[PDB]
Amino acid sequence: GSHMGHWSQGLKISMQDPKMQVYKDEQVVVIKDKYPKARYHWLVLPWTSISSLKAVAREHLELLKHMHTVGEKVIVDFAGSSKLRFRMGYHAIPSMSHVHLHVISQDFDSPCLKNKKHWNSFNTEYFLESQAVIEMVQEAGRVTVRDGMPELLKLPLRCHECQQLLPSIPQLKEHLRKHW
DNA sequence: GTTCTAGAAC
DNA sequence: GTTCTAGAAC
Ligand SMILES: Nc1ncnc2c1ncn2[C@@H]1O[C@H](COP(=O)(O)O)[C@@H](O)[C@H]1O
Ligand SMILES: [Zn+2]
């Protein structure tokens, strides 16, 4: 198939789709995640094209902080009264091109959350905190990740609230109901 | 990244 | 027999 039509380039299409945009300014766009892994799941993307965190440098530090601030604003404007806990961050190894900040509520109540990679990508070291990425770019000038990130996706399923071990995705999803 | 589904796990 | 996971996708 074509490069532009490849599944890994899909965000470059969605970020220009008015029906998926919930916020726009002169630097970034916020879209709904096409396959949300919780009740609230947005992606903050800059207009300018940066393939991944591998291409981030100190020239992008202001942009990374602005993305962080816009994510917090969206949380207030769209889920302020819910008082849900939120996390913001990046996957240590992304699948989709174009740098994007995850903004996801911590219910993880979604039919799109279906497999172990989904869970561990948001609930292990694989999920890089936005603040940690920002500080790493500021102090070290680039984003580096340790070896072994793919193995983290294979870890046993463990609740993020009470750390209880669960034997399967369905049993995990049922357990998460208890923390609503 | 998602779908689809073969067969492993239960 | 059904649930559940995990690899191909030309
Ligand atoms: N076409 C798409 N439009 C919008 N979001 C998408 C699309 N395809 C995948 N996603 C989401 O983008 C994220 C990609 O994850 P990652 O590449 O690991 O940061 C996931 O949350 C997906 O659900
Ligand atoms: Zn729990």
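All heavy atoms count here, side chains included; hydrogens, waters and symmetry mates do not. In what follows, chains carry the letters A, B, and so on, assigned in the order in which the sequence lines appear, proteins first and then strands, with residues in each chain numbered from 1.
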Going by torsion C1'-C2'-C3'-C4' being positive (north) or negative (south), C:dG1 has its sugar south
In a check of side chain to side chain donor-acceptor pair (under 3.5 Å) between A:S97 and each of A:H6, A:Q9, A:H3, which one passes?
A:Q9
For DNA chain B, which residues in residues 10-20 of chain A have a heavy atom at a distance below 4.0 Å?
none
Within residues 149-170 of chain A, residues whose heavy atoms come under 4.0 Å of DNA chain C
A:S168, A:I169, A:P170
A:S110 side-chain N/O to A:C112 backbone N/O, donor-acceptor pair under 3.5 Å
yes
Taking the side chain as every heavy atom from C-beta outward, state whether A:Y90 and A:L64 have any pair of such atoms under 4.5 Å apart.
yes
A:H102 and A:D33: side-chain donor and acceptor closer than 3.5 Å?
no
How are the rings of A:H175 and A:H179 set to each other: parallel, tilted or perpendicular (split at 30° and 60°)?
perpendicular
Please examine the side chains of A:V44 and A:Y23, heavy atoms only from C-beta on, and report whether any two atoms are closer than 4.5 Å.
no
Does A:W119 use its side chain to pair, donor to acceptor, with the backbone of A:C159 at less than 3.5 Å?
no
Fill in the dot-bracket string of DNA chain C, one character per base: . for unpaired, | for a pair to another strand, ( ) or [ ] for pairs within the strand, taking Watson-Crick or G-U pairs under 3.5 Å.
|||||||||.
Salt bridge or not between A:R85 and A:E161? Use side-chain N to carboxylate O under 4.0 Å.
yes
For atom CD of A:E62, is the number of surrounding heavy atoms from other residues, nucleotides or ligands below 6.0 Å larger than 12?
no
Point-to-point distance, once rounded to the nearest 0.5 Å, from CD1 of A:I169 to CD of A:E174:
13.0 Å
Scoring nucleotides 1-10 of chain B by protein non-hydrogen atoms under 4.0 Å (B base, S sugar-phosphate only, - none) yields BSS-------
Quick one about A:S121 and A:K37 (side-chain donor to acceptor, distance below 3.5 Å, no hydrogens or angles considered), yes or no?
no
Aromatic plane relationship, A:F122 with A:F108 - under 30° parallel, 30 to 60° tilted, over 60° perpendicular
tilted
A:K65: side chain to side chain contact (heavy atoms under 4.5 Å, CB included) partners, not counting sequence neighbours
A:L61, A:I134, A:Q138
From A:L153 CG over to A:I93 CD1, what is the distance, rounded to the nearest 0.5 angstrom?
7.0 Å
Mind listing the residues from residues 172-180 of chain A sitting with a heavy atom below 4.0 Å of DNA chain B? Number order is fine.
none
State, with a plain yes or no, whether a side-chain heavy atom of A:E125 is found less than 4.5 Å away from one of A:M149.
yes
